[PDB]
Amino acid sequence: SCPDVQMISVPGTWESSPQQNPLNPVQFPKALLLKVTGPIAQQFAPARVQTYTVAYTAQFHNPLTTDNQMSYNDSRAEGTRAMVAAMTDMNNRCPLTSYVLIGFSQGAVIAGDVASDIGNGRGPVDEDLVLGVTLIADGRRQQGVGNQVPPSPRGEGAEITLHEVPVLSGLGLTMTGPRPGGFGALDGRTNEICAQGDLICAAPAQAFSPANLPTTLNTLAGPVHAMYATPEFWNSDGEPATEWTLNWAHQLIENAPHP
């Protein structure tokens, strides 16, 4: 039957595959957002919430290397389509079900993109069905767009800082810049978490100066970005990003409608 709430989780790069079962994501045991969706499935009955972890290639080809990876552009498109498909399917079958959306890194870009569509009335579901959105290490993070969960580092996402750089898009990694329409009606319910020094979501222009560029490329390739389950580089009163998000989601599901 229909869960009152579907919690959709979009993993980061190297944390999903198209073959991973969204209802039982065991292929990538170290994936960050499992620390949120795992406990949620334990704290609530299946009738109250279903967790869904998006199955997608989740890769990021480095053009400077000979890795066998899918381009960022193609991986990101696949994940976006998969996320939209999950929401479309759930809303088709269960029109009264509400949503909690979370994403990390490449998954945060994807989830934020879909949140922007929903908030601007572009679908796949009406905005009133979305309870909340939390984005960890969003590559399109923008000061003034969404709620920056304190502490909020200076700077904006790499896809903003690098939006006008030549060559990258043609190479298969388009830096897509600010989201048109921001999060629209979801602005008040969309949260951005970003740790100081995470160049994915907080990327000062100076990070790409000649002096800093090789270090920056090493950092981006893969660290602060890997530590969001710890309080080391980001915490709220000691609470790591995964714990903040778990508590946030728990409260949304608790107060969710009973259709």
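Note that residue numbering follows the sequence shown and begins at 1.
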query: Sequence continuity check, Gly222 and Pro223 (deposited residues unmodelled); finding: 4 to 9
query: 183 to 191 set against 161 to 169, stretch whose average Cα temperature factor tops the other in the entry; finding: 161 to 169
query: Stretch with the greater mean C-alpha B-factor as recorded in the entry, comparing 85 to 93 against 101 to 109; finding: 85 to 93
query: Candidate residues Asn73, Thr134, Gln143, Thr80, the one whose C-alpha B factor the record puts highest; finding: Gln143
query: Position of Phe44 among the chain's modelled residues by C-alpha B-factor, lowest, middle or highest third; finding: highest
query: Chain-wide C-alpha B factor ranking for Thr66, given as lowest, middle or highest third; finding: highest
query: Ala58 - which third its CA temperature factor falls in, relative to the rest of the chain; finding: lowest
query: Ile8 - which third its CA temperature factor falls in, relative to the rest of the chain; finding: lowest
query: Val36, C-alpha B-factor rank within chain (lowest, middle or highest third); finding: middle
